[PDB]
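Notes follow the structure.
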Amino acid sequence: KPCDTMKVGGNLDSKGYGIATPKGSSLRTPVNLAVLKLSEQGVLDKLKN
Amino acid sequence: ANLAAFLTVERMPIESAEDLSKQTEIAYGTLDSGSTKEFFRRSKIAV
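Chain order of the listed sequences is D and H.
Those letters in the first sequence? Residues 737 to 785, by UniProt numbering.
Those letters in the second sequence? Residues 639 to 650, 653 to 687, by UniProt numbering.
Spelled out as structure tokens, the structure:
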């Protein structure tokens, strides 16, 4: 609300949001695998909806 | 003045695939099995 704005036209580009960690972080591999697990189990679609 | 506007404008709701892509009130599809469906499944064109 107040529902007074609108998206017009197609997207100007195509890209993605990612979970970021410091270069060389110990968390890089587990968090990359978790995002793929959350992707494959449908969690990311449910959360956007 | 308004009659002139009517005639001048008349002298010069989907018109394209871009139109279909930008909206959702009008549904659109293809043959469930065909080269048309494959054209879309593999198109690298944004629209």
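Heads up, the beta-carbon is just placed ideally off N, CA and C, and yes, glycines get one too.
C-alpha distance - residue i paired with residue j, whole-angstrom precision
i         : j         : result
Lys784(D) : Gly778(D) : 10 Å
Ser775(D) : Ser750(D) : 18 Å
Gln663(H) : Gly746(D) : 9 Å
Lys677(H) : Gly669(H) : 8 Å
CB contact flag (residue i, residue j, <7 Å)
i         : j         : result
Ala657(H) : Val687(H) : yes
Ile654(H) : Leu660(H) : yes
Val771(D) : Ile755(D) : yes
Alpha helix (DSSP H) segment containing residue i, residue limits
i         : result
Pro766(D) : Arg764 to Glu776
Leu641(H) : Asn640 to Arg649
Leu671(H) : No alpha helix (DSSP H) contains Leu671(H), which DSSP labels as neither H nor E.
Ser661(H) : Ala657 to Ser661
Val779(D) : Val779 to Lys784
Close-in-space but distant-in-sequence residues of the same chain around residue i (CB under 6 Å, 5 per side omitted)
i         : result
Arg764(D) : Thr757
> Taking any Cβ of chain D, which residues in the stretch 659–679 of chain H have a Cβ under 9 Å from it, in chain order?
Replying inline: Listed by position, the residues of the stretch 659–679 of chain H near chain D (Cβ gap below 9 Å) are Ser661 and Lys662.
> At a Cβ cut of 7 Å, what residues of the stretch 754–772 of chain D count as close to chain H, listed as they run along the chain?
Replying inline: Cβ contacts with chain H: none found.
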